[PDB]
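I have placed the structure first, in the form of structure tokens, so that the comments after it can refer back to it.
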Amino acid sequence: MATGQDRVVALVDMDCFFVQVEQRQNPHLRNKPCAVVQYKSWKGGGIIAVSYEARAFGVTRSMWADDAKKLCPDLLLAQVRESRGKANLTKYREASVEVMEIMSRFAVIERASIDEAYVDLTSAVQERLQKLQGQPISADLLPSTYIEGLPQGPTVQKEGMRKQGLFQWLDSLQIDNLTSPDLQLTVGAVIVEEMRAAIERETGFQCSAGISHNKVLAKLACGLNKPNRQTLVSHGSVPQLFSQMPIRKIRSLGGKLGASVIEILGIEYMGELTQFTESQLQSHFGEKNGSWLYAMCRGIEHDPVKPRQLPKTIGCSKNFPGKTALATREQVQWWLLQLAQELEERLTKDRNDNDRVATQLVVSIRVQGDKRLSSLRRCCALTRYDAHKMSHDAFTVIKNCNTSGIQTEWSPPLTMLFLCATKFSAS
DNA sequence: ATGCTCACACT
DNA sequence: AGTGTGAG
Ligand SMILES: Nc1ccn([C@H]2C[C@H](O)[C@@H](COP(=O)(O)NP(=O)(O)OP(=O)(O)O)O2)c(=O)n1
Ligand SMILES: [Mn+2]
Ligand SMILES: [Mn+2]
């Protein structure tokens, strides 16, 4: 029986990333309830990142700033930069590259979002397991690590609980067995503290981390003790951990699939899936899903950490909800060129920095009356980094979508535009 | 009437 | 090639 303990995998995720990025630049926002918002003039703007002090009052993402101000009257706000009539995230991307580069010096990372990367420490761990002989791992190596499920058996504040668990774990450590998966997790964890201190020391950003044996468990583990702590989730913590873990909380189970898992099987918690045979799960959700479900509810997941620090695509979009929809064609030309211009500015940076060029341009739109995030995706060739050509070509491949027989108008009105550069190739 | 993204599977 | 799902 292969037991999902071959790998040592960490997920590092920045604590309230956009807020921290603003708080480093505006020190008065530090250690105070703040949020970041986009576009201030509708309802104060929508909230895309919330500090932990603001979360104490009930402030969340997707809220409008004016509503958040009602929960938390003393709340401070930073507005994302605006350029060419639209949001501009350059600041946060550039902060992310800071974090990704540091992480890159320790091991091969898979960038999973603007603020998180997976790292595979299998190799680094065994190299460390030679470097310090066969000597103990002191608690002072894990000053911010929690051991999930510990303490157990026979102090009422959180750091007390942390210590007792870490003491229990370390006391139980089979130092003599460079084979044992729990020892490897521990050594992985020692590396992640170093990795995390390097991030805060070199960027001023704080973050959390999950250390386990696969991408999914490390993701779950990272969120258990946010902010500014890291959590080790061992194979043996899984049964109790999943026994009350709602299905929706596992990566990729938070949408329709997890909902059908709950409806069809009539269960609630991750651990309840172990009841079912693999074929049974493959009966209800297909070969790959039933397989993945069957092994995931036992802590086993085989998705690898992909060596990928650079995005596979560079994209640019703006929504036009309500009466703001675009319904003249000269209006569609202008915003197309607004988007093409930022894309060109970002593509030029990418080729200079990363020795690659995008070869295919994707143009996507939504139209008032449709329901789905995109209403239509079309493609063309990306041959010159010129905003005027990309926008012109973006128009050409969608101009037939105009139902309206009038020359000047555009109906149905367009509720979104999306340009994405892709199919990168070494240059 | 939240925004703006990014990866991936299916077909 | 184009759609849909899941995510931060
Ligand atoms: N729906 C979302 C989710 C995140 N983001 C951006 C801003 C977030 O700060 C940044 C990182 O997202 P996140 O890790 O999911 N949450 P954040 O880092 O803000 O706080 P934590 O909850 O991770 O501490 O992505 C976004 O713009 N739209
Ligand atoms: Mn984060
Ligand atoms: Mn994140």
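Letters A, B, ... mirror the listed sequences (proteins, then strands); counts begin at 1.
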Rounding to a whole Å, what distance do you find between [X]:[atom1] and [N]:[atom2]?
X      : N     : atom1 : atom2 : result
A:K215 : C:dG6 : NZ    : P     : 17 Å
A:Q79  : B:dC4 : CD    : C1'   : 17 Å
A:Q309 : B:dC6 : CD    : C1'   : 16 Å
A:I314 : B:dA7 : CD1   : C1'   : 15 Å
A:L373 : B:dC6 : CG    : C1'   : 12 Å
A:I365 : C:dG2 : CD1   : P     : 13 Å
A:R248 : C:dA7 : CZ    : P     : 12 Å
A:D66  : B:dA1 : CG    : P     : 19 Å

Completion exercise
Whichever of A:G45 and A:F418 has the more 5' nearest nucleotide on DNA chain B, that residue is A:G45

Practice task
For A:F320 and for A:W42, find the nucleotide of DNA chain B with the closest heavy atom, then tell me which residue's nucleotide is more 5'.
Solution key: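 Between the two, 5'-proximity favours A:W42.
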
Looking only at side-chain N and O atoms, does [X] come under 4.0 Å of OP1 or OP2 in [N]?
X      : N      : answer
A:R346 : B:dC6  : yes
A:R308 : B:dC8  : yes
A:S62  : B:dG3  : no
A:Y39  : B:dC4  : yes
A:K306 : B:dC6  : no
A:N319 : B:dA1  : no
A:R372 : C:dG4  : yes
A:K219 : C:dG8  : yes
A:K288 : B:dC10 : no

Problem - Donor-acceptor contact below 3.5 Å, side chain A:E344 vs main chain A:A387 - result: yes

Handout entry: Modelled atom types, side-chain donor and acceptor of A:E278 and A:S291, under 3.5 Å
Key =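 Result is yes, a qualifying pair exists.
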
Problem - Pair A:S144, A:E193: side-chain N/O donor-acceptor within cut-off below 3.5 Å - result: yes

Practice task
Show your reasoning for whether side chain to side chain donor-acceptor pair (under 3.5 Å) applies to A:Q360 and A:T422.
Solution key: CA-CA 5 Å; A:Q360 313 262 115; A:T422 186; over 6 Å; no

Problem - Presence of salt bridge, A:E202 and A:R105, under 4.0 angstrom - result: yes

Exercise for the section: Could you please name the option among C:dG6, C:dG2, B:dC4 that lies closest to any side-chain atom of A:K318? Expected result: B:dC4

Exercise for the section: Only one of A:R251, A:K288, A:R7 passes salt bridge (charged side-chain N to carboxylate O under 4.0 Å, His left out) with A:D303; say which it is. Expected result: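 Filter result, single survivor: A:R251.
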
Exercise for the section: Tell me what A:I47 touches on the nucleic acid: a base, only sugar-phosphate, or nothing, going by heavy atoms under 4.0 Å. Expected result: base

